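Taking the form deposited in one PDB entry, here's one chain by itself in C-alpha cells.
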C-alpha cells in the first residue's frame, strides 16, 4: 500500500521504493539551523533552491542553511497544511524521457503562514540564525513601477505597511523584510542577504531598490545601513516546473508507493547563476552545480529570457492555434523544430552577448532537448497564460533590438502575430479556447477592432513602444504574418518561415 510521506514512514518508503526513490538521510528537525527563510514557497522554490540546499545537506555537511518556509498570500495556507502533515517533507517528481524519479526533499525544516502569527515571522527573520531571505513572489510581489524605477508606495498594500500603525503587523514582503531588519540593526547583527529567485531582469537590483526605498520612507538611519551593509545578488534561475494535478498525485502513489499532499513536478535540468554578493555568509553553492560569478548575470539572464522563454512563446501561441496540447507535441513536429531552431539561430542569437566559456549553439541544442521531453507533459495553456506579461518581455524586446540594428526578425514577428491572433480565442480548426490574461477584455476588444491589421493592438501604449508603431518593416512583416495565419492557419503558414530543405 502507498504510504503517507512523513518522517515515520521515510525508511519504509525508501525500502519499498528501491531504485525509484531517493530519501534524505541527513538529520532534520532540531539538528539543523534555518539559515534561509524563503518567502513564497511554490513549485519553483521547491524544485530549484530547495533541491540545491537538499544536496548541500546530504553530501557536503551543510547544516546551518535549512529552509524555514514563509507564506504571505491567502493561498499559502494550503502549502502550510500539505507540508505540516508531512513533517515538511515533500516529493520532487523528476520527469524525463528516461522515465520518472521520486526524490523526497528534506531541506525545508519548518513553515510559517504569516497571517496566522505575523510576529513569529519577524522574530524568524531577525534571529541571528537567519543569514538569507530568499524570494519567489512573482513579478507582482515586488510592487515595482517598471517605467519610473521606483517603489509603488502609491499602492495601498505599501501604505498599509508604511503606516506606523502596522509596524508590528505588516502585509507585504518589504514590510516583513524591514521589520526583521530594524531588529537586527538594533541588535548589532548584519543584514541578511535578500536573494530574489524570480525570473525578472536584474531581479537583485530591483529588490535592492524596493527594500531601500521602503526603508528610506520610515527611517533613513536603517535605510543607510541597508544600502551600505545589505546584499541583493542578481541571479539567473532555470528549471521548468509545471503545476501538480490530482492525476500526478495518483500516479506518484501507484508507481512509487508515496501518498503526498503536494508533490512537485519538474524536469531534470537545473541551472543557477548568482553573483557573489552576500552580507552575512553563504553556503558553498558551487559544490552542487551553482555558477557563482562576480554584469555576467545579466548576460545569462538575457540568454534565458530570449531563447528559452522566447521559444516557449514560439511553441505556445502557434502550438495552441494549431491544435496541440503539450510542449513536447509542438516540439516533436518537424516544422516547429526547424522554425524554433532557425528563430534561435538566425534572429535571437545575433542579439545576445557572448559569455566566455558559453556556446550559444550548444545552449540551443539543450533547450530543444528540454522542450522535447515527453514525460513532463507540459500543457500549452500553462505556457500561454497571461501572455500580456510574457510576449513584451520575451519576444518584443528582440523585435525592438532587431529594429534598431535592422536585423532579421520574420520568425519573431510570426510569434507576435500568432499571439495577436491567439487573443481572439479560436484555434485553426474553428474550436474556441480559453484566453487567460489580466488584460483579456482590452486585448480582445482591440483585436476585434483591428481585424487582421496589428495597429489596434499595437496602440496599447502600456504594452508596446513607439519604435513598434513606427517601424515600417515591422508593420509590414507582422501584417503579412497575421493575414496569413488568420487565413491559412499555423501549419500551412509555417513552411514560409523555414529556410533550407
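C-alpha atoms forming the largest set that superposes within 1.5 Å between two forms make up the rigid core. Numbering follows the first chain given and starts at 1.
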> Which class describes the count of deposited residues lacking coordinates between residue 294 and residue 295: none, 1 to 3, 4 to 9, or 10 or more?
Replying inline: 1 to 3
>> Comparing average C-alpha B factors as deposited, tell me which of 191-199 and 311-319 sits higher.
In response: 191-199
> Which is higher on average in the deposited entry, the C-alpha temperature factors of 36-44 or of 445-453?
Replying inline: 445-453
> Of the choices 329, 167, 361, 346, which one's C-alpha carries the largest B-factor in the record?
Replying inline: 167
>> By the CA temperature factor listed in this entry, which of these ranks top: 132, 151, 399, 387?
In response: 151
> Lowest, middle or highest third of the chain for the C-alpha temperature factor of residue 209?
Replying inline: highest
> So where's residue 289 on the chain's Cα temperature factor ranking, which third?
Replying inline: middle
> Taking the entry's C-alpha B-factors for this chain, is residue 301 in the lowest, middle or highest third?
Replying inline: lowest
> Where does residue 31 sit by CA temperature factor within its chain: lowest, middle or highest third?
Replying inline: highest
>> Can you tell me whether residue 7 has a C-alpha B-factor in the lowest, middle or highest third compared with the other modelled residues of the same chain?
In response: middle
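Not on display, but discussed next: the form deposited in another entry.
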> Superposing on the rigid core, which residue among 82, 259, 251, 385 shifts its Cα by at least 2 Å between the shown form and the other one?
Replying inline: 385
>> For a quick test of reading the superposition: does residue 357 move by 2 Å or more at the CA between the shown form and the other one, rigid core aligned?
In response: yes
> Can we say the CA of residue 176 moves by at least 2 Å between the shown form and the other one when the core is superposed?
Replying inline: no
> Comparing between the shown form and the other one on the rigid core, is the C-alpha shift at residue 22 2 Å or larger?
Replying inline: no
>> If the C-alpha spacing of residue 489 and residue 242 moves by 3 Å or more in the other entry, is that a move closer or farther apart?
In response: farther
